[PDB]
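Chemist: Experimental structure and sequence below, a few questions after.
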Amino acid sequence: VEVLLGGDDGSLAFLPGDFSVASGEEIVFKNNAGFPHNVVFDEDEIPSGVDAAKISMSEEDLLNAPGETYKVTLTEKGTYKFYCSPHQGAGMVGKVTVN
Ligand SMILES: [Cu+2]
């Protein structure tokens, strides 16, 4: 699945923001507008036994140009909350269910 970071109008949203994937399906986050953006998983809101540090972007790594991507693959079934660090207070948060 591909997820855009920001609407074209600069709206601070993942598109789509709540979605489902199969275990082992790749998630392509594509930087769109309103950046900088990144993708960090909330370690309190992902399945047991998953280390959020392996699937989250590095804290200083921000996507700052159109079309840059971050790709991640999730295998443990369950629901995962993630967010964009700079825009988390503005509502830029999303959820992926892995089945
Ligand atoms: Cu952002």
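Modeler: Noted; the coordinates are in hand. Numbers count the residues shown, from 1 in each chain.
Chemist: Mind listing the residues bridging to the closest residue to residue 15 other than its chain neighbours?
Modeler: Distance criterion Cβ to Cβ, 6 or more residues apart in numbering; nearest residue to residue 15, sequence neighbours excluded, is residue 4 at 4.4 Å. Every C-beta, even on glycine, is put in place using the N, C-alpha and C of the backbone. Beta-bridge pairing for residue 4 (DSSP bridges): residue 15, residue 30.
Chemist: Would you confirm that residue 4 contacts residue 11?
Modeler: No. The criterion here is Cβ atoms under 8 Å, and residue 4 misses it with residue 11 at 10.2 Å.
Chemist: Looking at these two, which one has more neighbours?
Modeler: Taking other Cβ atoms under 10 Å, residue 4 and residue 11 do not tie; residue 4 has more neighbours (17 against 14).
Chemist: ok, the more buried one to the ion distance?
Modeler: Distance, residue 4 to the ion, by Cβ to the ion, to the nearest Å: 11 Å.
Chemist: contacting residues around that residue?
Modeler: Residue 4 makes contact with 14-15, 30, 32, according to Cβ atoms under 8 Å, 6 or more residues apart in numbering.
Chemist: Give me the phi and psi angles of residue 40.
Modeler: When quoted as degrees, to the nearest 10, the phi and psi of residue 40 stand at phi -130, psi 140.
Chemist: and what of residue 54?
Modeler: The phi/psi pair for residue 54 (degrees, to the nearest 10) reads phi -80, psi -30.
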